[PDB]
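Residue-level structure breakdown
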Amino acid sequence: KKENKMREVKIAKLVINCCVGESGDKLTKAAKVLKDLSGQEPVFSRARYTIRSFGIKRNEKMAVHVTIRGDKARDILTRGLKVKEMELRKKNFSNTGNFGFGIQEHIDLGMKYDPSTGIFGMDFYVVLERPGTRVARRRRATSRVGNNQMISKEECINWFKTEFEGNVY
Amino acid sequence: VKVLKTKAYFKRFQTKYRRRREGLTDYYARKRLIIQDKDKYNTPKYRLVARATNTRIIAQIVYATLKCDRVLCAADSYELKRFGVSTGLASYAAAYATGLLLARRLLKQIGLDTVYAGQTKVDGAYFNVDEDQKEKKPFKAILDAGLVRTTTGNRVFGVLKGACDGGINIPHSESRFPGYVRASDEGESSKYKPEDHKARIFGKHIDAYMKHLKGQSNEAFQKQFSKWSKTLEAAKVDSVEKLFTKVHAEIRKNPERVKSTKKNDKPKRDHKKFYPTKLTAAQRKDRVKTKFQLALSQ
Amino acid sequence: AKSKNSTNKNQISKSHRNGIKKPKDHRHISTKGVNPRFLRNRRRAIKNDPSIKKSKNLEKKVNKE
Amino acid sequence: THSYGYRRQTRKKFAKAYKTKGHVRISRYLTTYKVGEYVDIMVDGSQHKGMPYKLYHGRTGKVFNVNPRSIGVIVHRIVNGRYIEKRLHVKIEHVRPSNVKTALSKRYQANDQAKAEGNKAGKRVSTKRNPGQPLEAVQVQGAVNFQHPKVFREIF
RNA sequence: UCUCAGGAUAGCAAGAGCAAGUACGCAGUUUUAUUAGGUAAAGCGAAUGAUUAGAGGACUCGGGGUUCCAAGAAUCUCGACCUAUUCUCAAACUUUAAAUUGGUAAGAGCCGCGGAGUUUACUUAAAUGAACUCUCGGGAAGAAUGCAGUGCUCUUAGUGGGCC
RNA sequence: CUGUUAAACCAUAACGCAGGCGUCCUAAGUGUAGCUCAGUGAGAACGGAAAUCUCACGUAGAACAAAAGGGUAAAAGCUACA
RNA sequence: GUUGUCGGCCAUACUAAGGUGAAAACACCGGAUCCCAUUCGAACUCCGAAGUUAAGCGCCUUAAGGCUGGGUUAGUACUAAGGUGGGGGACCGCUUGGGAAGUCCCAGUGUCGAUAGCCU
Ligand SMILES: [Mg+2]
Ligand SMILES: [Mg+2]
Ligand SMILES: [Mg+2]
Ligand SMILES: [Mg+2]
Ligand SMILES: [Mg+2]
Ligand SMILES: [Mg+2]
Ligand SMILES: [Mg+2]
Ligand SMILES: [Mg+2]
Ligand SMILES: [Mg+2]
Ligand SMILES: [Mg+2]
Ligand SMILES: [Mg+2]
Ligand SMILES: [Mg+2]
Ligand SMILES: [Mg+2]
Ligand SMILES: [Mg+2]
């Protein structure tokens, strides 16, 4: 077996999403929380269907999500993973080679407390990609990446251990 | 897992156009472009293909024949090598140049050079020869931008300028030309600043860039410009603008096909091996017998 | 009341009785469905063509131009 | 029939042929048409404008006018025991060239050639085509396969 | 068509005529050339809709009963998911797809990117194209068979409950 | 007005089948651009059958005011703007 | 022999898991000051040149799925014309004409281009 440094395992994006199931000030609060964590502008996901138990009317503003790349999401992964004690479960790893973990108490990320800032829940999801991702994501001559280019679960766990010095159960 | 790709699925597949599954042609667009009024029965229709490469800027004049589409004139950015540019063949200026060359060539082929010069000094002002046409109308071409986005200040429009300045009629409204401004806040102005555009045609932007990179560090300037700087030195010039005015005048002056006189005879052995022929039925049979025995004795 | 609603029985034979009439092929055909652009062209290219014999006063007009 | 509308009973005639879904068919875009050519007229369902009435699908008309997006064609319809001329205007989409003349011209030119040459040699050549003709006498030397009528058997 | 026992209106019918009865014309016929069609059938280990049979299944989605000991594991029972199949079907299903049948044609008003013309918002960068004129070159007559029903005007009767 | 009866051009009856029309829309008309929907597998605090976020796969199985049939995938679908 | 660019036909081109990769191109690739662009320089846009065939892509491999063409099916089903044919009938069959489709077989698996090139 010959290996190119082309095979590098990269963090594609960290998506951090917060679902409050409400239209109101708590939303604006999670927005702020997110801006303050990312340095970017938060994205508002709507509420697609109506449910009485969840109090969600279709096309209603529901949740706040953020897409972060590079050193930002790197540094933050530092934050949350540490918040998670650098410990994950195999159930946390998908067949995409991409992993995710939950966090509550966003304060444990190192952000201050305000009445508008009351403690929030967050889903952290990490996409891992190899180098040729572009082929799939581009417009002209769009094509699907090769079998040898795509990242296996075992490979992803390996990435988490090898990089973060973490434990998996 | 329910198998969601069935035998059926395949019987039912509508195979898309070879050209569309390659992500090359936009047929909606293309049809829009090619349609001419059957009123002019057999009369040809001329489109300018601006195709950008991670290296070369290819500008062509094609028209649509049933069996095939035909190329009238082809300008490959590498011809700028012939005039002394080894690097940055994908830039705005490169587009401009290539377009100027395709222009002059077509115009020479027809015999319209004399009648049609273009604006020799470059402004950024709308330039279409169609205002001063007198005896023989300027050549008509349509811009085919292809899969590329129409973003304001796109290379394809560099080629645009190259070619209408070269003297071809290339209908354009200058709205997506670099240095065009549409204001939002108070509904202020439609601003055209030909200065920024021309500046971009010559590559002043690339120069200001060199300078920035120098300001920060030597490594910075090295990383992005290594080949570009050694190349700027080989022409013994201090700026891209002087080099591209050189390219401009040389192109304007003796633009022509450079015919490479190289004659090659028979060096094929290597890659005839890399490009295997398909196997005979007998061969597959043999394969089967082999796998069979290997299996049996195991 | 009761009636027979639609029968096409005798009508086919009736139609073949005297033959099926077909129109006459006329060298020159009417101009319906032909656009004015082309039509004006024809008008002009005829007016100016000397190899096409016009009326007398017409030729006077054509020869003056 | 209780309903009469431009598309009535158009279901399978106009549905695109199998795996024709969304075919643009650039060839029709490029076909050149002239005032005297013979056109065959065939509808496509994706292109709604300049749609002929179903009756005229698969008819052969003679071109009469040429408009920018459309060819004027000429067809005839038998009505009450008489023929009635109908001037159709078809959008380019639903039209294709008929080979009925192409065959003719090709044939003619070749034939004429033959006749001219023969005229050179004093031999009159005739281009008249004769239909299938009674078979000429023959001798046959072959292997005899003698068949006998089979007994009946039931296959269940 | 207040129209349903009626009226007009075409069609069918008679008489008087017109025209060179383009026979290279005509045809409820074939032949030949170019072409249409989704019916019959067939097909549902192919789409849509139904719809029986048994088995397997590393990997499965849940239920129940079994057992043990214990809450888990082992295991019987169900279906759902594939696995390889299988029974019988559709006018408002269909990939496939006939017979009978529909267009258009089978030359002097022919063929040939050969000529010279004509075109004042027709076409093209383009004497480019296009349409028509006068030219140049070639062209045994360009399938069988039949023609004691050639085409067209004019005026007008009866009919408009049908039946086998 | 659509699909059938209807018998592969067209045409074809019945108080024959199954349904639909006397409205609705300044956008649901028109144009440009970008995007790909239905659904399936695996994965992420509260989160539970079902809310959002991810990736892989998705011939079209979704959507297109209204009935049916046909038509549509860098669109006729979704988003934004004019 | 091989490449990019624009293609006509639109699976013999698609789907799956692999082998292979001269040259030149194409790409992956590096970077966000500038025109342009987003929640995010992922993409779109711009500027490049430290790496690399690992992706994409060419070419081939599978007693591969699919698709394409022939064979069987079968002169079977259906059908044109005739019948003072048979049968109580449903229906079947005689004379003269046309003539299919699935299981199962066997073969094939992209073709035609204009333009500029690589293989001295
Ligand atoms: Mg476009
Ligand atoms: Mg009559
Ligand atoms: Mg059809
Ligand atoms: Mg009475
Ligand atoms: Mg009367
Ligand atoms: Mg008489
Ligand atoms: Mg005769
Ligand atoms: Mg007949
Ligand atoms: Mg056919
Ligand atoms: Mg009627
Ligand atoms: Mg009703
Ligand atoms: Mg669009
Ligand atoms: Mg087959
Ligand atoms: Mg059978």
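The record names X-ray crystallography as the way this model was obtained, at a resolution of 3.520 Å.

The next point concerns the protein's contact with RNA strand G. Among the 98 residues in the neighbourhood of RNA strand G, the closest are listed as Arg18(B), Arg21(B), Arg30(B), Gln224(B) and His271(B). Across the atoms of RNA strand G situated within 4 Å of the protein, the share located in sugar and phosphate is 76%. Take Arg134(A): an N or O atom from its side chain is 2.6 Å from a phosphate oxygen of RNA strand G. In the environment of RNA strand G, a phosphate oxygen lies 3.2 Å from a nitrogen or oxygen atom belonging to the side chain of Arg140(A). Take the surface near RNA strand G: its biggest share by element is six residues, from helix 9 (residues 218-234) of chain B. Its residues assigned to classes, the surface near RNA strand G comprises 31 nonpolar, 30 polar and 37 charged.

What follows concerns the sheet that holds strand 1 (residues 10-19) of chain A. Residue and element names in this part refer to chain A. Ordered in space as 2-3-1-6-5, the five strands form an open sheet in which the pairing is antiparallel. The open sheet has two edge strands, strand 2 (43-47) and strand 5 (99-103), and neither has a second partner. Taking the axes of each pair of neighbouring strands and ignoring which way they run, one obtains an average angle of 25° across the sheet. By the bridge criterion, seven bridges tie strand 1 to strand 6 (residues 122-129) in an arrangement that is antiparallel. Across the sheet, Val-15 pairs through a bridge with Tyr-125, a residue of strand 6. Sitting on the sheet, helix 1 (residues 25-38) touches strand 1, strand 2, strand 3 (60-68) and strand 6, and the angle it makes with strand 3 is about 5°.

As a further point, take the arrangement of the chains. Between all four pairs of chains that are in contact, chains B and D come out with the most contacts. At their nearest point, the C-alpha atoms of chain A and chain C are still 43 Å apart, with no contact between the two.

Attention now goes to the protein's contact with RNA strand F. Taken together, 72 residues form the shell around RNA strand F, and within it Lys91(A), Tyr9(B), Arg20(B), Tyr4(D) and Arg59(D) come nearest. Within 4 Å of the protein, the contacting atoms of RNA strand F are drawn from sugar and phosphate to the extent of 63%. At 2.7 Å from a phosphate oxygen of RNA strand F is found a side-chain nitrogen or oxygen belonging to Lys5(B). Residue assignment for the surface near RNA strand F shows that the elements contributing at least two residues are strand 1, strand 2, strand 3, strand 5 and strand 6 of chain A, helix 1 (7-12) of chain B together with helix 1 (11-14) of chain D. Of the residues belonging to the surface near RNA strand F, the class tally is 23 nonpolar, 28 polar and 21 charged.

All names here are of chain B. Taken together, the side chains of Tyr-9, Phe-10 and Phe-13 make up a nonpolar region of the molecular surface, amounting to roughly 310 Å² of accessible area. Mapped onto the elements, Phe-10 comes out in helix 1. When its relative accessible area of 52% is taken as the criterion, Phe-10 is described as exposed.

Residue and element names in this part refer to chain B. The buried fraction of strand 2 (residues 57-64) is high, at six of eight residues. One ladder, built from seven bridges, connects strand 1 (residues 46-52) with strand 2; its direction is antiparallel. Within strand 2, the residue paired with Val-49 across the bridge is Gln-60. In sequence, strand 1 turns back onto strand 2 through a hairpin of four residues. Between strand 2 and strand 3 (residues 69-76), which pair antiparallel and follow one another directly, the connecting turn spans four residues.

Rules behind the numbers
Residues numbered from 1 in each chain as written, not as in the entry; some residues may be left out. Chains lettered and ligands numbered in written order. Part of a larger assembly, values for the part shown. Heavy atoms only, no water. Near = heavy atom within 4 Å. Polar contact = N/O pair within 3.5 Å; in protein donor to acceptor, adjacent residues only side chain to side chain. Helix = DSSP H or I, 4+ residues; strand = E, 2+ residues; numbered from the N terminus. Nonpolar A, V, L, I, M, F, W, Y, C, P; charged D, E, K, R; others polar. Pairing = 2+ DSSP bridges. Axes fitted to C-alpha atoms, helices over the stretch in contact; angles between N-to-C directions. Contact = heavy atoms within 4.5 Å. Patch = residues over 30% accessible without salt bridge, like charges linked within 9 Å, V, L, I, M, F, W, Y side chains within 5 Å. Areas by Shrake-Rupley, 256 points an atom, 1.4 Å probe, with all protein chains shown as cover. Salt bridge = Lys/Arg side-chain N within 4 Å of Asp/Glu carboxyl O. Buried < 20%, exposed > 50% of the residue type's maximum accessible area, 1.4 Å probe, protein only.

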